[PDB]
Amino acid sequence: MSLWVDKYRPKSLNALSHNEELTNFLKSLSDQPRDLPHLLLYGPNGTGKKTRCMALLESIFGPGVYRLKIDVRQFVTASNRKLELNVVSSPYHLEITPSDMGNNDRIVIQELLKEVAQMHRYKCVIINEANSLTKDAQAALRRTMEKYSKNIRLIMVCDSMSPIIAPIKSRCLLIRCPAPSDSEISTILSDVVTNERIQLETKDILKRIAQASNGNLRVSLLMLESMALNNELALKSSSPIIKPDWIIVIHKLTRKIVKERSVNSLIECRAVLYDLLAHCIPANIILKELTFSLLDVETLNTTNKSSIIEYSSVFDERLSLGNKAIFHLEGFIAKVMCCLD
Amino acid sequence: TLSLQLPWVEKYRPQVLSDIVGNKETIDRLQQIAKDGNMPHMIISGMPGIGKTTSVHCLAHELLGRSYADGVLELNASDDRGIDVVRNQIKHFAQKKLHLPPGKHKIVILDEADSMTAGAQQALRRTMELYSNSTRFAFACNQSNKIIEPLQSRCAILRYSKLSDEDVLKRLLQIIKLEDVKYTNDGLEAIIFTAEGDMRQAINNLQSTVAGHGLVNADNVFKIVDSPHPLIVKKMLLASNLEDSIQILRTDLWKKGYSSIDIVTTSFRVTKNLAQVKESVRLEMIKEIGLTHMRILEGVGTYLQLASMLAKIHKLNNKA
Amino acid sequence: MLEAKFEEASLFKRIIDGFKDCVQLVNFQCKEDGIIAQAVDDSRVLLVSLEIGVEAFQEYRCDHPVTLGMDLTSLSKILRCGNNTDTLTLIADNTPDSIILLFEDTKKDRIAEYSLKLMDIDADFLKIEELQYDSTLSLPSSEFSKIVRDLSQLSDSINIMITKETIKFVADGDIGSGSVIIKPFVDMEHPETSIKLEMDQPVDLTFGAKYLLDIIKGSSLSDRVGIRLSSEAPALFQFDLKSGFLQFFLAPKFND
Amino acid sequence: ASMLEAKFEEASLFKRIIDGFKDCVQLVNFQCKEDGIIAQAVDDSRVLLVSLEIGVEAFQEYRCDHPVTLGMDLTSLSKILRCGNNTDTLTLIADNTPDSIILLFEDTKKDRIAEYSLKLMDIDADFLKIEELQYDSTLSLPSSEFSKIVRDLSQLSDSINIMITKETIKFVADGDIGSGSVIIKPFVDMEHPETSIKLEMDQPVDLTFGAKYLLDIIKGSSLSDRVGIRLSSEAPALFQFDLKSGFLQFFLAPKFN
Amino acid sequence: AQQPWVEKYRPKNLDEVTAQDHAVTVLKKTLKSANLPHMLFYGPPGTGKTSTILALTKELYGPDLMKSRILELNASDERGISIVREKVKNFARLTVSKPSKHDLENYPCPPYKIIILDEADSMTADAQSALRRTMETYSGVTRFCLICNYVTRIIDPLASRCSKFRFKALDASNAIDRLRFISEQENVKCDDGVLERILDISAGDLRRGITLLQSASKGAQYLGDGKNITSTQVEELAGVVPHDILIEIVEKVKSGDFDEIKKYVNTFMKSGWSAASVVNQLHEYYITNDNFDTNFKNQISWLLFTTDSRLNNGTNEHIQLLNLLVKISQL
Amino acid sequence: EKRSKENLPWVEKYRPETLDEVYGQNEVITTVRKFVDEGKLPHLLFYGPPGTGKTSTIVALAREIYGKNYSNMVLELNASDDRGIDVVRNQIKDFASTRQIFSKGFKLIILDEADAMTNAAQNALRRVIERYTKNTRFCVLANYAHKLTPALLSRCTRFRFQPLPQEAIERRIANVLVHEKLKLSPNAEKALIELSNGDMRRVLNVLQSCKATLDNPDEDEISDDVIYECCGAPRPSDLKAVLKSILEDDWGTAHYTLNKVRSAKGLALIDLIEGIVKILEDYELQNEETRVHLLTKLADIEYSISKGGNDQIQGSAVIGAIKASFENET
DNA sequence: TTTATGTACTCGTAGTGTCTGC
DNA sequence: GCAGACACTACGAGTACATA
Ligand SMILES: Nc1ncnc2c1ncn2[C@@H]1O[C@H](COP(=O)(O)OP(=O)(O)OP(O)(O)=S)[C@@H](O)[C@H]1O
Ligand SMILES: Nc1ncnc2c1ncn2[C@@H]1O[C@H](COP(=O)(O)OP(=O)(O)OP(O)(O)=S)[C@@H](O)[C@H]1O
Ligand SMILES: Nc1ncnc2c1ncn2[C@@H]1O[C@H](COP(=O)(O)OP(=O)(O)OP(O)(O)=S)[C@@H](O)[C@H]1O
Ligand SMILES: Nc1ncnc2c1ncn2[C@@H]1O[C@H](COP(=O)(O)OP(=O)(O)O)[C@@H](O)[C@H]1O
Ligand SMILES: [Mg+2]
Ligand SMILES: [Mg+2]
Ligand SMILES: [Mg+2]
């Protein structure tokens, strides 16, 4: 559409120039669609997993997968805590997300799937953000997909499938979606810049865009569009690579941690973290970016880096096992400051 | 089917304020209230078995024996207590016109009042404020912190302490002469040690000893009832060698049919109430014991978890 | 611009007793030929329509069409003052801020005047497609209400299946099952209790119990209720009236 | 063909039977034999024992060639008995080793037929052969008067005491708002044989019963115009509502002194 | 056909349940008798608990009585203490369904029904405490079959009441016959060690092996050359890291140089591999080697154990993998 | 039920019906028999582990007191039924207040599995017990005493059911073998004692499964091989071999031995860990730190096994933990 | 205030039945 | 006899507590 990331998205398996072996595997699966088992696509973020899923649906069902609408279904949990969730439905398939309350994502998996399992001969259900389920929706989904299988099938899209429980991974055909190299990102961006009109001198700037995104199609495409808009559709050799405001704030926090290691610095870090969590930014991604920004500082030796990564792993476990996200991040920053000073 | 004899707990319940033993000052105050008759609103609190509700009943009986049936309303947790079933009944009783002696008032005994709803207490506030000329209230709860602040403001707080060994021993000897049963001093001290200030527990254990063996000696007493597990857990936590604590745990808890969750909760309670060791040591022990408690609660209840908890206790105690 | 006067007060209240639980409120559409009011429930499952002719009114005047968005609880509270001799009267003006209800009695000179404010809905989604139904049966209102509430006492759903000369209602709950069969019969002595069924194709439909209760709550409108059924299509629950009829649009529970 | 066929002249009789004791107890075994359908059920608090008995006379046509036990829920049976009219007839149909019984409803019109099946349930309650020993006071009074007395005295207290001394029936209820006492003499009416109070005196009694159980008993007072109360100081009270062919006995345990 | 090979090749009888022989023979002998106890099936996923209970029901009653004399509950429906009380007690306290003449003549219908409580590990302990005396009281009319994979989530009393049948993990020796039979039935041409490699990749899971075989067969038909499937194809489908990449991992770890390990881990993680498989391959490389002394293996076993236990609780695979590789690098 | 006995599990087929058939808890049985003979039965509280004979003892006691029809004379409440404070206020109050409907004796209230009862229900039960103690006795059966209020524990006499000893299990096994005409080798008997862990129900279940295991239930004797195969438990020889390989040989031999032992008969890793722990408790370890390391590491490993994961990694962790702990010895 | 079941309480309302009256 | 007029039980929504 208006954004270039959604303008040139492929709509078919033959329209993909991203992974040849993966596209061949999907063609093999779509060659015999009747015995298609429940799939589970996992890989790094932004590589095009849902593009693969929609292309596979188009290859199995046909054009009309992308002619999709949104309808709202009313779900009632215990007591009268009314919850509104909208399903992005379509002919030949259904799409659901755990975007409901994390502790109330079980009721949608129960009722909606029991309703659509009522009656070519099957309907496909796509579950985005599948790694965000809370071990109860998955527990229901185990028997939900084991019992009803001749009329409903699942394409479970997720990244970093470790939170997915063992039985679900057992009854799901795991499919791995690797990120492209620099050449493939540069080729896709070049196709974008030749389909549209952008003045460019040396393609090294496209290589820099590919480097900055770190194997991310969405980030690279949005960065290319943003840099073209800022440069008035004339990319320069020394064009400044943009970064998200969150990345700038995280880098400033890392510089503050490295420079000053007092307790007033700790309360300033608490304020910055409070703003970041208040502005719709997940805690685990925050901890990962803070860790890999601290490890990119050249003034630290190997002992400090090893202690930082060890505490990062410990507090990542704590974040995965806890709910108050600010507590574990504050503990991690305090431990890192105590280690460095 | 044969009928059963009355238990010694209820057969020898005191009927006057002189037979009850324990807090001499509180009982003397109750007897002076008995003589005067102007009994104020009172809250009676303490640990179970030290003579809370029997003192209230004795006071009411001596105050108005002829009218105990008429002008005493004994509501309790067994009875339905709420907002309306309390406000209507207590208001009807307090406004009820009954002719007492000049120094007597109707008594509303709220036995086991710590479980009452807060709104019921809010209504009780104005009930006591309005009808204090005719009726008087007498609460009796184990934990006095459940009663709201204004009620404790409009009441006379009477705190009951656990009985010393001397008072329980005196009552035990009195009941022994009344029952004419043989005993040994060792058995009586064992009964006192097992009771831990609870008179009802002492009476129950003494009756069990008499009805199971006939002679109240140390051997029979320890046969029918075991030593309390808080003490064995306390000496398990305070042992020097890790092997000593491990064998104490195994023999005296695992082979005695004690649940692991019970052992962990008892260890937590002892460490909270433990006193000789330093505060930070107790905090660290509580932290690791709570980690073990979480492991037990999640389902992993075995001997190995308890042994590991004891090993961590010793690794903390020996200072690395 | 609207001067509607009922013959007796105990007509429109009797009509809206059925309207009470089927839908919270309706948007009236008063015309010179008749008065209609259609609305959709919260879950878009049950739809209801109303039609009152001029013959039921002693003096009905409608110069221009009038749209009235009104509730039912306050209207029934107003109508609770309807004496067995008192006569209803609906009065409205141009751009009615509030409908004017006036009461007249003959044996007494007392007058009762009541007004109710008009609310807003902003949803007049109307469509009629089906007119032909494969099966058509007529049952007494009391008998139908009794049978459906008896089956609802046993299950949360009611199965209605039609075969040749066998009007069968099937109920299957958790405590057990219940099958009821009634056959058509025509008797000269009591035409009110006569039961007839004309059928073209077999119809198998399973309906919800709550919506059937909402339909039967208006059991006092007609002595005989004509419910006609269609295979693999929504069915209509029609209640007869002297100068019109009231119909209930109910969809099946995913017939297959 | 089916093993058990117990027809009813009218469907209202069996609904009245069930509604008499549907609330006091909810598990019941119906012992169907050649003599009749008899049933004993014990309250959840093991206080009120109901001993139903329907003879072969009360049935239009009855045939039970083999004994069979019928474990039922009275709540489900009551909610499934409402599916009928007063003119309708009833027929309890059961097979051998049944899963359920068929509450097959009929009518004068052959078009009106309604079939209902409620699943049987397994109850292991050993069945007590009550001796019905000699009672000290055997009295019979109209059910309406007893129901009125119980309803008036239940609003006063939670316990009603029945004292039968010197050929005088006396009910007392000492409560919080006050105390009441209803005394009825055992008069005989030659004008009407149903309103006469009858009382047999052997030994005086003093028995205290709960109010809620008395209310549950008088809820089944529509089954007979007169209730015969028999009391004893060492036996549970008996409240026999005689039917056209059997009886509905309520055994109530008095409170401890 | 119209169903995946996992559902297509479910054991219809009790003769088709491989690997597990003790429980299968116990149930087969109990088929003739009527002494079926309350069972507690447990073990790793994919070992065949649901298949075993379905077959046992299938020839206990038959296709007719199976619906009437079975109550199967899952996590797909709410199982709070209220439902586990009322619904389970109501079903148990019913009487058993009456078989027909055909069912009695053919199948040995027992006088009891079975309440299958699958995924019982996810139930609340209060619901299990409610289940205790319901299980104990109505034993003569109903039977309970608790199916879980985590024994510790079942309270001690239910473990006492319920007879325990452990389902062995399906090793490459136990389950080789089943995959051989499936390959023969589906005309799958594979090498000598391909089925053994497929069973080695799976951790006691025949279902995952069947899925891998189905994917390999689908690829073989799509290529259309009619060539035998090799171990490399089923390794690529299974997602296991190639040995050259693992050698690169070991070479990066051995030389220290935190920055080099960090950069190579970034590249390896953008390659999209699953960290659990990487940790498993690192374990089977390091522990089975003879170029490392006892102390190194003693430390690395605990390092891998900690990393795996951390990865089991969700977490971020990148941080865990980098921490594990750095800890190994400093050994 | 249906078809009488012989269609019941051996857990329910061999439930004791007389107080003389309750083995093990000799002191408890003698004390309660003296209580009922002398005519003084206090408020009993039966505490102990599962399967020790608590509900069997109270059922036999009620049957001895009343007779065959004790079920109608006794109000038995369990966690299966709803036991809110409304139940305490109505059902228990009415049963305690009213007289006996079938006899002239006292009322008995059995609160089976009462550790799953709310605090307010126990608070009401305190007053109910004290008020109507003259003609109503309460019996409380519980596995965990920490879920009972201290006042409820004070009001009730506490009887502790100790785990079943050698003699009781042997006597019950002999009775079952006599009834079923079954044979069993003495070493199989010791194996069953080891697998009992104070639980009679486990013994009965294993006996039933082993009778079903034999090709012919007659003229074939149960051996320790049958017990270990049916229960899946590791043999002591296997545990000793695994421990010797771990403690004496290098990593390759230890890993190969553990893998071979696990894959020969499908042994579970948690069973091997429990057996190894039981063996190591008898060791005379020189250092105080070897015990600490062993206990902590093995507890962590068994916790991770309970949560699930990779079996190979956990087995290698077990070998490494044992070897590293025993490296502190010298 | 978030918190996630189960219990207990309180209130309000809707049916459900019975008693007065004409 | 029928329509209210009543008091009654029952169901539903909401709030609060959860170790001493
Ligand atoms: N000080 C005492 N003197 C004599 N008997 C006592 C004394 N304290 C308790 N008892 C006996 O303990 C038994 C019951 O004691 P209660 O006073 O009812 O217990 P309590 O004080 O009410 O504790 P709670 O909180 O209600 S469980 C009776 O047998 C009493 O005789
Ligand atoms: N012992 C077995 N013999 C034959 N096929 C088996 C066996 N175990 C599993 N399978 C296969 O595995 C699939 C069915 O797996 P299940 O029986 O559901 O495993 P499971 O015991 O249910 O594990 P869960 O439910 O995920 S914990 C089918 O494809 C079966 O062919
Ligand atoms: N002392 C014993 N003598 C004989 N059989 C026993 C003994 N203890 C337990 N059993 C057996 O164990 C079976 C079940 O144990 P129960 O006594 O019914 O339950 P329990 O011992 O109270 O355990 P919980 O606490 O209820 S889980 C009985 O049917 C007996 O066969
Ligand atoms: N073969 C391809 N050619 C062009 N663009 C692609 C291709 N594959 C993926 N993309 C880009 O990837 C974007 C979608 O990625 P996304 O589905 O968000 O990945 P993930 O699901 O892993 O987050 C699309 O905007 C599309 O432009
Ligand atoms: Mg007290
Ligand atoms: Mg399963
Ligand atoms: Mg028990």
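Residues numbered from 1 in each chain as written, not as in the entry; some residues may be left out. Chains lettered and ligands numbered in written order. Part of a larger assembly, values for the part shown. Heavy atoms only, no water.

Peer 1: Sorry if this is basic, but what is going on with the packing of aromatic side chains here?
Peer 2: Both the distance between ring centres and the angle between the ring planes are used here to describe each pair of aromatic rings. Tallied over the entire structure, the rule returns 39 aromatic pairs over all chains. A ring pair is formed by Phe241 of chain D and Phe250 of chain D, whose centres lie 5.8 Å apart and whose planes are at 90°; its orientation type is edge-to-face. Exposure remark for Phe250 of chain D: the relative accessible area of 0% places this residue in the buried category. An aromatic cluster is defined as three or more aromatic residues linked by ring pairs; in this entry it consists of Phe6, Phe12, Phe28, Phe57 and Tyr60 of chain C. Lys49 of chain E extends its terminal NZ or CZ atom over the ring of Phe167 of chain E, reaching a point 5.9 Å from the ring centre. A cation over a ring is seen here: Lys113 of chain E above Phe91 of chain E, with NZ or CZ 5.9 Å from the ring centre. (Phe/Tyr/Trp six-rings, centres within 6.5 Å; stacked < 30°, edge-to-face > 60°. Buried < 20%, exposed > 50% of the residue type's maximum accessible area, 1.4 Å probe, protein only. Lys NZ or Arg CZ within 6 Å of the ring centre and 35° of its normal.)

Peer 1: Hey, could you run me through the site of ligand 1 in this one?
Peer 2: Residues in contact with ligand 1 amount to 22 residues; listed here are only the nearest, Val9, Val21, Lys52, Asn142 and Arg200 of chain B. Each of chains B and F places residues near ligand 1. The backbone of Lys52 of chain B places a nitrogen or oxygen atom 2.6 Å from an oxygen atom of ligand 1. Contacts to ligand 1 include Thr53 of chain B, whose backbone N or O atom sits 3.5 Å from an oxygen atom. Partitioning the shell around ligand 1 into residue classes produces ten nonpolar, five polar and seven charged. (Near = heavy atom within 4 Å. Polar contact = N/O pair within 3.5 Å; in protein donor to acceptor, adjacent residues only side chain to side chain. Nonpolar A, V, L, I, M, F, W, Y, C, P; charged D, E, K, R; others polar.)

Peer 1: Would you mind going over the side chain of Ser145 of chain C with me for this structure?
Peer 2: All names here are of chain C. Here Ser145 lies in helix 3 (residues 141–152). Here the side chain of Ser145 touches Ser141 through a polar contact of 2.8 Å, landing on its backbone oxygen. Residue contacts for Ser145: discarding those within four places in its chain leaves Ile216 and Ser219. (Helix = DSSP H or I, 4+ residues; strand = E, 2+ residues; numbered from the N terminus. Contact = heavy atoms within 4.5 Å.)

Peer 1: Honestly, the interface of chain F and chain D in this entry has me stumped. Any pointers?
Peer 2: Accessible area lost during the coming together of the parts is what is often quoted as the interface size. Contacts between chain F and chain D engage 20 residues on the former and 20 residues on the latter. Summing both partners gives a buried area of about 2,000 Å² for chain F against chain D, and 53% of it is carried by carbon and sulfur. Joining chain F to chain D, the criterion identifies three salt bridges. Between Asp94 of chain F and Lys255 of chain D there is a salt bridge, with its nearest N and O atoms 3.7 Å apart. Remark: the boundary between chain F and chain D carries ten residue pairs in polar contact. If you list the elements that add at least two residues to the side of chain F that touches chain D, you get helix 4 (70–73), strand 2 (74–77) and helix 5 (85–97) of chain F. Tallied by class, residues from the side of chain F that touches chain D come to six nonpolar, eight polar and six charged. (Buried area = accessible area lost by both parts, 1.4 Å probe. Salt bridge = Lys/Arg side-chain N within 4 Å of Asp/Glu carboxyl O.)

Peer 1: Looking at this model, I keep getting lost on the UniProt feature "binding site: ATP" in chain A. Mind explaining?
Peer 2: Residues and elements named next belong to chain A. The feature "binding site: ATP", as annotated in UniProt, sits at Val5, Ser17, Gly43, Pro44, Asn45, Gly46, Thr47, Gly48, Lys49, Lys50, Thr51 and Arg218 in this numbering. One can find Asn45 in the loop between strand 1 (39–42) and helix 2 (49–60). We classify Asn45 as partly exposed; its relative accessible area is 41%. With residues up to four places along the chain from it excluded, the contact list for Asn45 reads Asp159, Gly215, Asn216 and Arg218. Relative to the helices and strands, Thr47 is located in the loop between strand 1 and helix 2. Overall, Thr47 belongs to the buried group, its relative accessible area being 1%. When residues no more than four places from it in sequence are discounted, the contact partners of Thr47 are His18, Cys177, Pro178, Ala179, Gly215 and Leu217. Polar contacts involving the side chain of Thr47 include one to the main-chain carbonyl oxygen of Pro44, which spans 3.2 Å. (UniProt positions renumbered as here; feature names shortened; annotations may be inferred.)

Peer 1: Looking at this model, I keep getting lost on the protein's contact with DNA strand H. Mind explaining?
Peer 2: Close contacts around DNA strand H come from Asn80 of chain A, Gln143 and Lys272 of chain B together with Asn119 of chain F, and that covers them all. One of the side-chain N or O atoms of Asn80 of chain A is found 3.4 Å from a phosphate oxygen in DNA strand H. Class assignment of the residues belonging to the surface near DNA strand H gives a composition of no nonpolar, three polar and one charged.

Peer 1: Honestly, the pairing of strand 2 (residues 71–76) of chain A in this entry has me stumped. Any pointers?
Peer 2: In regular strands, side chains alternate between the two faces of the sheet. Residues and elements named next belong to chain A. In terms of strand pairing, strand 2 meets strand 3 (residues 82–87) through six bridges, oriented antiparallel. The partner of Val76 across the bridge, within strand 3, is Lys82. If you look at the hairpin formed by strand 2 and strand 3, you'll find five residues sitting between the two strands, and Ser79 has a positive phi there, around 60°. (Pairing = 2+ DSSP bridges.)

Peer 1: Looking at this model, I keep getting lost on the interface of chain F and chain E. Mind explaining?
Peer 2: Across the boundary between the two partners, chain F contributes 63 residues, which contact 53 residues of chain E. Carbon and sulfur atoms supply 49% of the area that chain F and chain E bury against each other, a total of about 4,700 Å² over both sides. For the chain F face of the interface with chain E, the top three residues by lost area are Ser80, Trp251 and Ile313 of chain F, together amounting to 14%. Our count for the chain F to chain E interface comes out at six salt bridges. When the shortest N-O distance is used, the salt bridge between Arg201 of chain F and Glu136 of chain E registers 3.1 Å. Linking chain F with chain E are 26 residue pairs in polar contact, by the criterion used here.

Peer 1: Would you mind going over the site of ligand 2 with me for this structure?
Peer 2: The local shell around ligand 2 holds 23 residues, among which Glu146 of chain A together with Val6, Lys49, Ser51 and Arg207 of chain E are the closest. Residue neighbours of ligand 2 fall on chains A and E, so the site bridges chains. Contacts to ligand 2 include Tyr9 of chain E, whose backbone N or O atom sits 2.9 Å from an oxygen atom. For ligand 2, an oxygen atom lies 2.5 Å from a polar atom in the side chain of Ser51 of chain E. Look at ligand 2: alone it shows 640 Å² of surface, and the protein chains cover 99% of it. Taken together, the residues of the shell around ligand 2 break down into seven nonpolar, eight polar and eight charged. (Areas by Shrake-Rupley, 256 points an atom, 1.4 Å probe, with all protein chains shown as cover.)

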